[PDB]
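To keep things clear, I will list the structure first and then write my remarks on it.
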Amino acid sequence: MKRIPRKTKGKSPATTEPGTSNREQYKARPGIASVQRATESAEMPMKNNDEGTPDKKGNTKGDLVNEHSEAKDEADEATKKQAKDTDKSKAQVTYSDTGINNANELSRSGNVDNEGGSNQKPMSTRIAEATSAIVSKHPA
Amino acid sequence: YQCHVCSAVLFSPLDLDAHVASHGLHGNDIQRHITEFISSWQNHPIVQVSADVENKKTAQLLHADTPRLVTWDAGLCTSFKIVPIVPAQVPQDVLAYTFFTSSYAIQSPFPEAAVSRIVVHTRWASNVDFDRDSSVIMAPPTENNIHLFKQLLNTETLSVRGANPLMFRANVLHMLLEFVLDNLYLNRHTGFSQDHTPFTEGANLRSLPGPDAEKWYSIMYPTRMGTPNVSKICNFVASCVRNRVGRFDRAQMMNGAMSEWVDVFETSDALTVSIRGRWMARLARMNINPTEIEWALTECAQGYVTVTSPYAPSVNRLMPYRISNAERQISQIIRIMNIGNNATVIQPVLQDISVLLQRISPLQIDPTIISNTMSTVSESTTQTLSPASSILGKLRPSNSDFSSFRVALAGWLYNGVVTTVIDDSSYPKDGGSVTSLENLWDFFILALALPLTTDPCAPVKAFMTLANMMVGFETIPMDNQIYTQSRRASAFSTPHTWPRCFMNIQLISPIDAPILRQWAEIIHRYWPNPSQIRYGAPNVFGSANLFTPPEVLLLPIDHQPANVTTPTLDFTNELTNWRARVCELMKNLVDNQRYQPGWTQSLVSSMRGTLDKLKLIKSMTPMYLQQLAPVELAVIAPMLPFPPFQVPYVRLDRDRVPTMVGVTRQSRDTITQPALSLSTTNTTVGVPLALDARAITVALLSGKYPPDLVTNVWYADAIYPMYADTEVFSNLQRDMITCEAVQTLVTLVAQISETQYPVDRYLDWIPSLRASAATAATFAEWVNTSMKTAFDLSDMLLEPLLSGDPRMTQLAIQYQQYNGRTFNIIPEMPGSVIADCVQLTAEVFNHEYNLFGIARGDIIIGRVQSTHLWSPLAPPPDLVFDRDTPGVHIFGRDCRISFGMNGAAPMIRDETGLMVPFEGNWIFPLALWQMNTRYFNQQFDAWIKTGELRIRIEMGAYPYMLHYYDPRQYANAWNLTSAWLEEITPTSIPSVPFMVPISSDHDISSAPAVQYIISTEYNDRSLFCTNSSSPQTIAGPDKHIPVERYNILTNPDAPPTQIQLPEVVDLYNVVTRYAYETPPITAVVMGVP
Amino acid sequence: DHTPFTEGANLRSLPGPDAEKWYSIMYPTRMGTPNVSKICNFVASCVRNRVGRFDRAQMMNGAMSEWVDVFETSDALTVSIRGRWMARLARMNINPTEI
């Protein structure tokens, strides 16, 4: 019997035949390590995007910002990261401040819930708010 | 040492035996290995292991979030266990079996107690290697199980104990889903042992792993114990047939002396056996043999290398990787929905792919070509005013950043989500003018760099740039009275902005606008033509293409077969011809100096010389773009974690230009709220992306190859490690899981709301509310988390579906042309084994709900004092009443209560409007008591306790909890019922308490007992046997062993494989146990001369 | 609603502190009627389904609803005044293309 640990928390005679010698006289071109380093980055799956979705309790995740503002901020973060990877002060490829007037662009954020209402107050808080306005207690 | 199968060099005979296992040759040991690759022209093997291992020593990584499909179980394929409730001891006449001198005790297969019941406990006797960790564990009914019905939305309850009646259906669906998930295992084949006990002489019993396996024999094989005494159990054993026990059938094929598969009679439940059979079928349908792997990789390599994977004949080599195109399409749609206009999500993919292209192409960028061709210094020139110096200043050749070029190439694969444009800074400042030597170079660079962008509106921008620069010298008519000729070029971003003066050339006067006419004609005639190219291995890997045929890849540039010997100044090549045309146009612009007044000196000669040098510059970039680059893209594309998602390129046709991409969750036959996806909010088809024209131009003018390039060698070296570190197969498995999960989500969520999805409903009798968007969202969150933990996932799965209104029906993706025509793609959804198994579980639960601790029906509260021992669960008929009984009173939401004065009895309002006093027989929906629990509790208790008032509570279904008691003593149940009534809450309800008399096997006296709660229909299906160790039951409820459960033992004529689903589950039946091999992916890459 | 007082209606949430108290004033029909008093008699004679949100216009998934229609305590006079007031602004509205 064998067991495998989880990666995520759960609910709880001569033999030297004449062709085996080694003459490592060949250098790959392009180099093996060089290609491996590049493809290592491309292996990685794209990042999760949890924002705007509910949690175990029912309250949505994210930050209370306008959707258009959130999209713009994400574009700026992308440009800054792009500059970071290219080892330059200013990114040559920019996702923000392009020619296109993308003023109607929206991005998913935690400001709005599934009903289309505002998350100024969390879902669970409103549910408790409503359900406690109707309870009754023992007589005097 | 040496392995001749794959030409690998080893050092240990033990390692040699371990390595030949991956060749199918058993031992005649690093299971961490996922793939094993080896070249043929060098000594440099490559292996891949999971990313979670703590020792990456000289091994690659597998970063894909692969699921765990193949898991094994050596325990018992059962989920129902029999538990004692009231222990008892009785004398027996036979105590132990006797041999010559030794003696052995007697082990009964069933508990020896006054009463016993069946309780659900998933994998209670299992022995697994990997744990799904979604077990459903019930407690015996004498304890409280309320907490298993409030894991769901019962967040802001007013009582810690108790559950909300409005969410039993949601909680029960979640419980059933977990029940299905926890049983997804493969029955592992284990050892046996020949037995010679006189009752089971000659049988081949199965032996569990671990020490003291034989302790399990009594549990597994009831017939093994003889018939020593007289009792319920002994009679049951005497009923059974001897032969059907232990091993029943075995495979003919075997390795060593170990049979390949085996069929055995052993204790098990039919439900889990069926579930695991379906799971086996689903996995078997995905099998792949290595020969088609050879085919797939060889075809995928575009004929630059050949792959060989030798192997030995076998049938139990399970390599589940085959899936259908529909599942890949569904997963691709999910991935696209995941973006949500988040640039941070998409940026790393493009950057990494661009780097990969940069590090794999033979092309090298070298501005010194430009510098040498110009060959101009002009030192100490305060006022240069020379075209060569200015053009060198613009190009800035010494600088080497060229991310723009590689990203432009990479953007072609993702035309549908991201759009590449030229940043507005590259355009001439303030529109510019032809009178400026400065602006001419900006125009040249921009025109030469535009075609490589994925922007559909590029040609219009190219034309409008020169139109803007020519204002005041050369005029063209404007169709629109608002837009002038001076409208900025970088604004023409959408098809609706295309001027008619550009669509129809004839409207441009050759006299009023010669240069503009020529430029428009050039754009129309010589703009590059899109093309196509085959890629991938559709016959094995499927294809994630949505708007394109499965096996094709789109390109904005025509392609040709590779040939290094091509001449540089081959004007057949579209890019070179384009450059020549642009240079000639600028020439013709500048000769006569009609457009550059205020130049003191005739710069015609130098201008023409510079233009000629640029026109005939002998760079090799267009050669590479036309021949090699498409091959590299085709090689890379199938390997990517994010498969390509394109939208057709049209060079100049306007009405078919795509403008919008959306995703739909609803079916085609429903009129619902219009909820467009976020992707439709982009002005362009995809997320805007800005590039730098200067870098692209430099790349186009300064390309060269290594002076000793041989394509075959270079590309073999390039491909070998890239394919050695592939991750396709894990992606395929993940895609299959994703499609399964989506179908499960829709199927379940359709059963708690109103969705027009056609699906059978079997849990309608369970009360529930009408789920809104938020409630369904929370339920879907719970489902998603359960599935992710079940298969040990950690990355995205169904998160994008939870944005808003998860009350969905079917995925679909579509895009729109400019002329209003839309293309809709609806993947052909195949079956889903998980959803079907859940539905089967629902079928069974519709008959066996008592085993889960749920009672069906209603309850009747009313005093009853007697000495009879009829069980509360199964009351006599003459105690209950229904809606259709004479003299009963029914009540609705209007139930006002009036006190009578001066001795008049207080009165309550009937449903019909009549006013009735507090006595008789009533019917309440439970909601009525929930509304005014304090008031009704205050008003009724005295009448219920001492008067003659009886109420029937309409409940549908409810959890119950038993309180066994000795009938020989006095017993009053008023305290329990009063406590239950007190804790009724507008949002919660405690489990119903019932009192049951303990059965006796001998004559007893009786004492009065007072009950107050009885059920309205039979609910004792969980009761297994009473007084099992005694010959018979004298008093109290009586229940013999449920023979019908052991059908194949008790029914002589029943075929061995018969089942009685879905109304009765069997506790003894046939099980098939396997033992497969899961070799790693083995490959040998060979070069092509 | 998580309680059987209404048939799972949608209840609007007021902002600010001490907000539950508003839940008993906004929707008179949500009260239980155990008594025979004047208020309970009045409530018992009313229609049930006309409470909470009535209709909404959800255009883009994952964004706030454009507008909603709801039953709640108000007065016809101020409803009308704010009605014709909004119409005046709607007549003056313009859009980015015209701008």
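Please treat every number below as a calculation from the coordinates, not as lab data. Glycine gets a Cβ as well: all are built from the backbone with ideal geometry, and neighbour counts include every protein chain shown.
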- [ ] Pull up all non-local amide H partners of B:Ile859: gap of 5 or more, or a different chain, and H-to-H distance under 5 Å with H placed in the peptide plane.
- [x] B:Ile953, B:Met955
- [ ] Calculate for chain B the 222 nm mean residue ellipticity that helices alone would give, adding -39,500 (n - 2.57) per DSSP H run of length 4 or more and normalising by residue count, nearest 500 deg cm²/dmol.
- [x] -9000 deg cm²/dmol
- [ ] Rounded, prolate or oblate: pick one for segment B:820-865, where a ≥ b ≥ c are the square roots of the eigenvalues of its C-alpha gyration tensor, a/c under 1.5 means rounded, and failing that, prolate if a/b is larger than b/c, else oblate.
- [x] oblate
Task: Inter-part distance where segment B:976-1021 and segment B:665-716 are each reduced to a Cα centre, Å - done: 70
- [ ] Report the semi-axes of the equivalent ellipsoid for the protein assembly as shown in whole Å, largest first, where each axis is √(5λ) for an eigenvalue λ of the Cα gyration tensor.
- [x] 72, 47, 20
Open item on the list: Compute the distance from the alpha-carbon center of segment B:115-192 to that of segment B:614-630, in whole Å.
Closed with: 66
TODO: Would you list the P(r) distribution for chain A, with all Cα-Cα distances sorted into 5 Å bins from 0 and each bin expressed as a whole %?
DONE: 2, 6, 8, 9, 10, 10, 10, 9, 8, 6, 5, 4, 3, 3, 2, 1, 1, 1, 0, 0, 0
Task: Loop trypsin sites (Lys or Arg not before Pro), segment B:528-635, which have at most 12 other Cβ atoms in a 10 Å radius of their Cβ (DSSP) - done: B:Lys618
Task: Percentage relative contact order, segment B:101-241, counting C-alpha pairs under 8 Å, at least six apart - done: 23
- [ ] Calculate how many DSSP beta bridges within chain B are antiparallel, expressed in % of all such bridges and rounded to the nearest 5.
- [x] 70
Task: Estimated vicinal HN-Hα couplings, Hz - segment B:900-911 in sequence order (Karplus 6.51, -1.76, 1.60; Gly, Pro = x) - done: x, 10, 6, x, 5, 5, x, 10, 10, 8, 6, 5
- [ ] Would you mind ranking B:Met286, B:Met225 so that the residue whose beta carbon has the fewest other beta carbons within 10 Å leads the list?
- [x] B:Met286, B:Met225
Open item on the list: Kirkwood hydrodynamic radius, segment B:227-369, all distinct C-alpha pairs: what's the number in Å?
Closed with: 22.8
TODO: Identify, among B:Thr568, B:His33, B:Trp279, the residue whose Cα sits farthest towards the positive end of the charge dipole of chain B, taking +1 on the Cβ of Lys and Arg and -1 on the Cβ of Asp and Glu, with the dipole about the Cα centre.
DONE: B:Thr568
Task: Fully extended contour minus Cα-Cα distance, from B:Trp295 to B:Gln42, at 0.36 nm per residue - done: 88.8 nm
Task: C:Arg91/B:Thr497 FRET efficiency (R0 30 Å; Cβ-Cβ; nearest 0.05) - done: 0.50
Open item on the list: Taking a cut-off of 14 Å, what percent of all Cα-Cα pairs in segment B:492-544 are separated by more than that?
Closed with: 69
- [ ] List B:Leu16, B:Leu689 from most exposed to least, where exposure is judged by having the fewest other Cβ atoms within 10 Å.
- [x] B:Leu16, B:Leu689
Task: Quarter of Cα convex hull surface for segment B:520-600, i.e. mean projection, nm² - done: 9.5
Task: Amide hydrogen neighbours beyond the local backbone of B:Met660, cut-off 5 Å, H modeled - done: B:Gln816
TODO: May I ask you to evaluate 6.51 cos²θ - 1.76 cosθ + 1.60, the Karplus curve with θ = phi - 60°, for each residue of segment B:147-154 and list the ³J(HN,Hα) values in order in whole Hz, giving x for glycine and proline?
DONE: 6, 7, 10, 9, 5, 7, 3, 5
Open item on the list: Just to check I understand the Karplus step: with θ = phi - 60° and J = 6.51 cos²θ - 1.76 cosθ + 1.60, what whole-Hz values come out for segment B:304-318, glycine and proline as x?
Closed with: 9, 9, 10, 10, 9, 10, x, 6, 9, x, 6, 10, 8, 8, 9
TODO: Using only the Cα atoms of chain B, build the gyration tensor, take square roots of its eigenvalues as a ≥ b ≥ c, and label the shape rounded, prolate or oblate: rounded if a/c is under 1.5, else prolate if a/b is larger than b/c, else oblate.
DONE: oblate
Task: Sparse-neighbourhood loop sites, trypsin sites (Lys or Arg not before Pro) in segment B:218-272 - DSSP loop, at most 13 other Cβ within 10 angstrom - done: B:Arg242
Task: Cα-based shape type of segment B:91-204, given that a ≥ b ≥ c are square roots of the gyration tensor eigenvalues and the cut on a/c is 1.5 - done: oblate
- [ ] May I have the convex hull volume per residue, in Å³, for the Cα set of chain C?
- [x] 170
Open item on the list: Please compute the modelled spin-label separation between B:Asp558 and B:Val759, points set 7 Å along Cα→Cβ, answer in nm with one decimal.
Closed with: 5.3
Task: Cβ-based charge dipole, segment B:773-856, positive-most Cα from B:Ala774, B:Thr822, B:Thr785 - done: B:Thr822
Task: the protein assembly as shown: antiparallel DSSP beta bridges as a percent of all, rounded to 5 - done: 70
Open item on the list: Let me check I have the definition right: for segment B:541-643, take the eigenvalues of the Cα gyration tensor, multiply each by 5, take square roots. What are those semi-axes in whole Å, largest first?
Closed with: 42, 16, 10
- [ ] Check cross-link reach from A:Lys2 to the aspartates and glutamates: straight Cα distance under 13 Å, and skip same-chain residues fewer than eight apart.
- [x] B:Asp73, B:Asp129, B:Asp131
- [ ] Go through segment B:994-1063 and name the chymotrypsin sites (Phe, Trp or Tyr not before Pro) that are in a DSSP coil and have 16 or fewer other Cβ atoms within 10 Å of their Cβ.
- [x] B:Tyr1018
Task: Other-chain or far-sequence residues with amide H under 5 Å of B:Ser531's (modelled H) - done: B:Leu555, B:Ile557
Open item on the list: Restricting things to Cα coordinates, could you compute the convex hull volume per residue of segment B:641-749 in Å³?
Closed with: 224
Task: Residue-averaged [θ]222 nm for chain A, counting only DSSP H segments that reach four residues, each worth -39500 (n - 2.57) - done: -9500 deg cm²/dmol
Task: Likely footprinting exposure, B:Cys77, C:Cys46, B:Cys895, fewest C-beta neighbours within 10 Å first - done: C:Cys46, B:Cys895, B:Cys77
Task: Links that overshoot a 32 Å alpha carbon limit, given the list B:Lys394/B:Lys704; A:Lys90/B:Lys57; B:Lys56/B:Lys788 - done: A:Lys90/B:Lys57
